Structures are given as C-alpha cells and as structure tokens.
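Chemist: Model the following, please.
(one chain, ligands or ions: 2)
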Amino acid sequence: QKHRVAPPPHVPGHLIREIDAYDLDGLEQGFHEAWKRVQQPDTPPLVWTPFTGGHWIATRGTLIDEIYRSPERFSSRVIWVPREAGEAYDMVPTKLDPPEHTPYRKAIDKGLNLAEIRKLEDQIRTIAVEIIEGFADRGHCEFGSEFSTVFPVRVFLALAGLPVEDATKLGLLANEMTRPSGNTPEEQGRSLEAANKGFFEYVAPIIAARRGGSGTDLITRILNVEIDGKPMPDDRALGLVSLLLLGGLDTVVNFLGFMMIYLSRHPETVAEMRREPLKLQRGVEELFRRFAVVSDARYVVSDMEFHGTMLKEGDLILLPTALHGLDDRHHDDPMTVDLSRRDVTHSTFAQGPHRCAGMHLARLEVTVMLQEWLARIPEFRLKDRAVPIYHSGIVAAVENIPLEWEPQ
Ligand code: HEM
Ligand SMILES: CC1(C)[C@@H]2CC[C@@]1(C)C(=O)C2
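Modeler: Numbers count the residues shown, from 1 in each chain. Ligands and ions are numbered 1, 2, ... in the order given. Pasting the structure now:
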C-alpha cells in the first residue's frame, strides 16, 4: 500500500502522474530505464505525484538545468523529498543559497579544486591497482561488493585521513540519508533525521581534533579556511564535514555500478576504449551524461508560472538528473554511449552555484578506474542470466554485478 496525499487546489488533474521516486515503476529493468518511462513524447514538463508527500517532478532536461541555475526562484532550503526529510536535512553548504552558500563553497574548493585533485592521481591509481590485482587472474568477480563499493571508499577515506574500518558504519548512514527507510513521509523524515545525527556524532570529534590542526588531510584543509574573517562555526562545520563524507562515499560507488553493467553488455564500446586510450580519457564525460545517479529537489520561492505551470510558494520540485542527460530532446540515441559525442551536456553534477564540488575527483576516479581495469581485464561480460538488483531514491543504487572473463 502506497501512502498518498490529495492534490492541492492549484494542481490540476491532467498534470497528476503516479510516480514513486523511492520505488520507480519498472525499476527491475534498471534505474535509468525506469526514469525514462516517465519521459514520454507528450508528457508535460512538470507533473505532480501524490506519493512521497506530494511533489512536482521536472520531466525534461532544460527545466532541470534552469531550476538548478536559478536559486532566487528555486531555493535549496529543501532539497529532499519527502518534505519531512528535506526539513530534517542538515548538510552544508548544500542547504544554503547565495550569498550564505558562497564562503562555504570557496572553503570546499580549496580542498577539491582541479589542481588539488590532479595531485591525487597516483594514490588513486595505486588503490585501483591493488583491488583489481586481487581478482584479475581469477576470471570472475562480483563487481559491486569486490570493486565499486571498495575503490571510491578507500580513495575517499584516505584523502579525508580516516580509517578504512569506518567504511561500513558510514555506508549505513549514507543509505538512510539518500534512500531513507519508511513507508510514510514522517517515517522517512525520521530515518533521515537519525542518519544525519549519526553523521554529526561521527564528525564532531574530528572537527574538535582538527580545528587549527596541522594534518594535511582533506578535512583539516577545508575546516580551517576562514569564513568572513573568522574560524568556521561549530554548527556549519558539522554540516560541512558530514557533507564531504556523504558526497565522497555514496555517489561514485553507485555511478560505477551502472556504468560497468552497461560496459559488460557493450564489448564493442570497451574495445574502442582499448584501441584508443584518448577515446577513453575524452569519453568519460559521456559516461557521466549516461549514468546520472542523483534525483534531488528545490523549493519554490514564490507563487509563479513556470513552463506554463502554476507553482505555489513552498512547492517541492524533484529534479531527476537522469532526465537531462538521457533527454532525447538534448541527445540523439540518448541510451547509447557514444565516446565521440560532441555534445554531452547533462546535469549529472547539477548546475548553478551548487554544481558538484567533487566533480574533478569523480572524473579522475572513473578515468583511473577504467585505465587500470582495461589494462588488467581488457574483455569482460555480465554473467549469463544474472539479474542486477536496483534501488531508486535521492541517490540510485545497484547490486549484484557478476562479471566474467578469460584471464589475459
Ligand atoms: C558520481 C559522482 C558524483 C555525482 C553524480 C555527484 C552529484 C552531485 C550533485 C547533483 C550535486 C548538487 C546537489 C544540489 O545542490 O542539489 C553535488 C554537490 C556536491 N558534491 Fe557531488 N557528486 C559526485 C561526486 C562527489 C564527490 C566524490 C564528492 C567529494 C566529497 C562530492 C562532493 C560534493 C559537494 C561537497 C557538493 C555541494 C556543493 C555545493 O553545495 O556548492 N561529490 N554532487
Ligand atoms: C545529492 C548529493 C550527491 C549531493 C552531495 C551528496 C548528496 C547525497 C547530497 O546530500 C548533495
């Protein structure tokens, strides 16, 4: 039984669509495929679902792009559904609009800018090689538990100066943030609240130990950037360090799983990457277009008409980022990976002032991953009749990816 809410007075019947972001219709065929079902040739640009507390969904890439770019009309004061979860959410600076957002983003960019990220290449490669070597001679692995959930977590915990043994407990908090348990808006709100508190509890001693510290880790570097001529306050520090961990640990893990399932079903594409190493390097952005993972929201600042649709102040609009990169109005044959695609425009990293601060790190992890994978395991396929298990929510997830190959 799905929890359902009545449409408010300003939502007309013809825009209503029953869409469950946390359990998409057709999800067993894939996350991307399930979102694609919503984007039909005649579907309105904005549709309203009675599920997950009642909210709008942007169904086309240009609205998604525009909403992300327009913080004055669509605020980050609530970026989750259901509303209860969005109100419990306390991460920084992702809860803030400009101008409050901008000193915190500048602080993060001190640690995460492209020139900083470039320095990490060989440490990332070393981690990738060590994991791949554990199974490359074997001719099979379950890619999810043996690589995708291992590689990005080891990379991030090392960068953040944290013990790898914390991976499990941080992964559990991350799940309840992005895929909160519950069958009610209030239950999901409560699950997110508990996860968010868990992050704060974990992060507090690290902030206390690393304020003015001399560690060269990511957390010490960012935490000690002044905000408006002063040390960053405790409340903001909790939200900020928690965000670093959430962003570092959930995203690349899930991205890698979707990407790899597709590659394992497209040997011709894998072979191109092998024959032309520059096609691989240059084609990574195409993979980001193709394997979006985030579906999050914005809060309507005032009563307005937007793309022919009446919106009320306080309305939540969900932005399924897959519906930008996979929009057939933005990209021909959008479900196909074309490494030579000249136009890869997407919102996988969102847009506007919150456009992913970790995007350089994400690109490098993936580039390194594919380079070291193809070096040791040039050819591979998904196990015959294997059925990956898919999850939808604010961040998509996938498990059960059994790969097979002839040891080279
Ligand atoms: C597959 C890779 C990734 C994807 C698809 C992704 C996606 C996104 C998206 C969509 C946003 C915008 C959220 C919003 O305002 O609604 C975001 C922001 C952010 N991400 Fe990433 N992310 C990824 C990797 C990472 C990594 C590895 C980090 C490292 C910690 C990271 C750190 C951040 C931070 C700190 C923000 C907030 C930026 C701000 O508010 O100015 N992300 N990410
Ligand atoms: C949606 C995100 C990927 C972005 C960074 C981590 C994440 C889950 C957030 O809370 C904001």
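Chemist: near ligand 1, which residues of the stretch 51-200 of the chain?
Modeler: By the rule CB under 6 Å from any ligand atom, the part of the stretch 51-200 of the chain lying against ligand 1 is 76, 79, 93, 94, 105, 108. Any C-beta I mention is one placed from the backbone N, CA and C, and that applies to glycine too.
Chemist: pretty sure the second one contacts residue 294?
Modeler: No - contact status for residue 79 versus residue 294: not in contact, 10.2 Å apart, counting by CB atoms under 8 Å.
Chemist: Just give the number of residues close to the residue in the stretch 151-300 of the chain positioned nearest to ligand 1.
Modeler: With CB to the nearest ligand atom as the measure, the residue in the stretch 151-300 of the chain that lies nearest ligand 1 is residue 247; the distance is 2.9 Å. Using other CB atoms under 10 Å, residue 247 has 21 neighbouring residues.
Chemist: Distance of it relative to ligand 2?
Modeler: Applying CB to the nearest ligand atom, to the nearest Å, the value for residue 247 to ligand 2 is 4 Å.
Chemist: Now that residue: closest residue in space, sequence neighbours ignored.
Modeler: Counting by CB to CB, 6 or more residues apart in numbering, residue 358 is the residue found nearest to residue 247 once chain neighbours are left out, at 5.3 Å.
Chemist: For the one you found, which residues are in contact?
Modeler: For residue 358, the residues meeting the contact criterion (CB atoms under 8 Å, 6 or more residues apart in numbering) are 112, 247, 248, 251.
Chemist: quick one: which of these is nearest to residue 312?
Modeler: Taking CB to CB as the measure, residue 312 lies nearest residue 247 of these, at 30.7 Å.
Chemist: Mind exporting the C-alpha coordinates of the helix or strand harbouring that closest one to CSV?
Modeler: With elements delineated by DSSP states H and E, residue 247 resides in helix 234-249, which encompasses its position. Extracted C-alpha coordinates of helix 234-249, given in CSV (Å, rounded to 0.1, in the frame of the first residue of the first chain):
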residue,chain,number,x,y,z
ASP,A,234,30.7,24.6,15.0
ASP,A,235,27.2,24.2,13.5
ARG,A,236,28.4,24.8,10.0
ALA,A,237,31.5,22.6,10.5
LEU,A,238,29.2,19.6,11.5
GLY,A,239,27.1,20.0,8.3
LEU,A,240,30.1,20.6,6.1
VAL,A,241,32.3,17.7,7.2
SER,A,242,29.2,15.4,7.1
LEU,A,243,28.5,16.5,3.5
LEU,A,244,32.1,15.8,2.5
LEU,A,245,31.7,12.2,3.7
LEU,A,246,28.2,11.8,2.1
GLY,A,247,29.3,13.2,-1.2
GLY,A,248,32.6,11.3,-1.1
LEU,A,249,31.2,7.9,-0.3
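Chemist: List the buried residues of that helix.
Modeler: Residues of helix 234-249 classed as buried by neighbour count (16 or more other CB atoms under 10 Å): 236-249.
Chemist: tell me which strands and helices it is in contact with?
Modeler: Contact here means 3 or more CB pairs under 8 Å, 6 or more residues apart in numbering; DSSP states H and E; on that basis helix 234-249 packs against helix 101-112, helix 151-159, helix 167-178, helix 185-210, helix 218-223.
Chemist: one more time with 6 Å, if that's ok
Modeler: Using 3 or more CB pairs under 6 Å, 6 or more residues apart in numbering; DSSP states H and E as the contact definition, the elements that helix 234-249 packs against are helix 151-159, helix 167-178, helix 185-210.
Chemist: Tell me which of these lies nearest to residue 369.
Modeler: Ranking those by their distance to residue 369 (criterion: CB to CB) puts helix 151-159 first, at 6.4 Å.
Chemist: ok, the closest one near ligand 2 or not?
Modeler: No - contact of helix 151-159 with ligand 2 is not found when judged by CB under 6 Å from any ligand atom; the minimum separation is 11.7 Å.
Chemist: circling back: now tabulate the helices and strands packed on helix 234-249 in CSV and tack on mean neighbour count and distance to residue 66.
Modeler: Written out in CSV, the entries for those read as follows (neighbours: other CB atoms under 10 Å; distance: least, CB to CB, whole Å):
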stretch, mean neighbour count, distance to residue 66
helix 151-159, 22, 30
helix 167-178, 18, 24
helix 185-210, 18, 27
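Chemist: JSON lines for those, including distance to residue 56?
Modeler: Formatted as JSON lines, the helices and strands packed on helix 234-249 follow (distance: least, CB to CB, whole Å):
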{"stretch": "helix 151-159", "distance to residue 56": "32"}
{"stretch": "helix 167-178", "distance to residue 56": "20"}
{"stretch": "helix 185-210", "distance to residue 56": "15"}
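Chemist: For residue 368, find the nearest of these.
Modeler: Closest among the helices and strands packed on helix 234-249, using CB to CB: helix 151-159, at 9.0 Å.
Chemist: Let me know the angle separating the closest one from helix 234-249.
Modeler: 140 degrees (axes from the mean of the first three to the mean of the last three CA atoms, to 10 degrees).
Chemist: what helices or strands is helix 151-159 leaning on?
Modeler: In terms of contacts (3+ CB pairs under 6 Å, 6+ apart), helix 151-159 is packed against helix 121-133, helix 234-249.
Chemist: got JSON lines for those helices, with distance to residue 274 too?
Modeler: Converted to JSON lines, the helices and strands packed on helix 151-159 look like this (distance: least, CB to CB, whole Å):
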{"stretch": "helix 121-133", "distance to residue 274": "15"}
{"stretch": "helix 234-249", "distance to residue 274": "30"}
